[PDB]
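As structure tokens, one chain now follows by itself in the form deposited in one PDB entry.
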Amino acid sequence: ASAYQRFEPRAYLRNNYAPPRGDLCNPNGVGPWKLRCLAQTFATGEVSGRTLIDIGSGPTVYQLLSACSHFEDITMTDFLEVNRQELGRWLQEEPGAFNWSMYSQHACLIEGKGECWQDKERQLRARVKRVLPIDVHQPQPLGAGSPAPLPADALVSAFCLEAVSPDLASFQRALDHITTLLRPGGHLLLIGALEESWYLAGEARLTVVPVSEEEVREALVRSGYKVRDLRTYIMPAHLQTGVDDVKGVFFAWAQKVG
């Protein structure tokens, strides 16, 4: 909470969504891997509905590129005002917005529906109805009278939980807190850092709870999820850059037992 007060959105984006990690040309990169996971999951047609909430969006939109064409009402969220402002600069196409075109383009490449990236970015901007404050540590993450339609048909969260919890236990409770926003039989698409303990965002150094695949699986189960899919990406040497000590990245497709 206090450590995140020095969090620099532009530095975070630069560290993880600009070359080399942000160079989507090589199919073995972490970016193409994450977009592939999201695309294939939605391509199954099993994850559908009207509303969807993205937990701890930070200043990024890539995690919703394949999702947007499946839900008409999308809520983006984040603990920091600076992030929500950054998200606004892109949704409004204001000056200085981050350029996600490489991710939009590759998402279109992977979905293989012959869509142009401008049409995809346009659908996302159109379907994002609101960017709200959020605290996964509160039993009621989005407050009491939130504008977001609850319960959501689906949830998506990337690099949030493990990046905001001191240990596994806090991680477990955080998952429980956001799981309350999801309707029974709903879907959760969780992406996160494997065995990572810190990552930089400008002047801020954030602590991370190093989690493993089994620990992530057991936690989803303990929260009442049937794990539909759970994949791991080992961070290659070329993408280890000193902005963190991440070892891998996991993707989980879990359905709320209900």
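Under this definition, the rigid core comprises the largest set of C-alpha atoms superposing within 1.5 Å between the forms. Start at 1 and count along the sequence shown; that's the residue number.
Higher mean CA temperature factor, per the PDB entry, when comparing 248 to 256 with 1 to 9: 1 to 9. Between 141 to 149 and 158 to 166, the higher mean Cα B-factor belongs to 141 to 149. Within the group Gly49, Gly192, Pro59, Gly29, the record's highest C-alpha temperature factor is found at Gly49. Compared with the other modelled residues of the chain, the Cα B-factor recorded for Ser101 ranks in the lowest third. Ranked within its chain, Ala107 lands in the lowest third, by CA B factor from the PDB record. Residue-level temperature factors show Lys120 in the lowest third of its chain, judged at the C-alpha atom. The PDB entry assigns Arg205 a C-alpha temperature factor belonging to the middle third of its chain's modelled residues. In the PDB entry, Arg36 places in the lowest third of its chain by CA B-factor.
Quick note: we don't show the form deposited in another entry, though the next part is all about it.
Once the two forms are fitted on their rigid core, between this form and the one not shown the CA displacement reaches 2 Å or more only for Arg205 among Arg222, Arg205, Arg50, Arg231.
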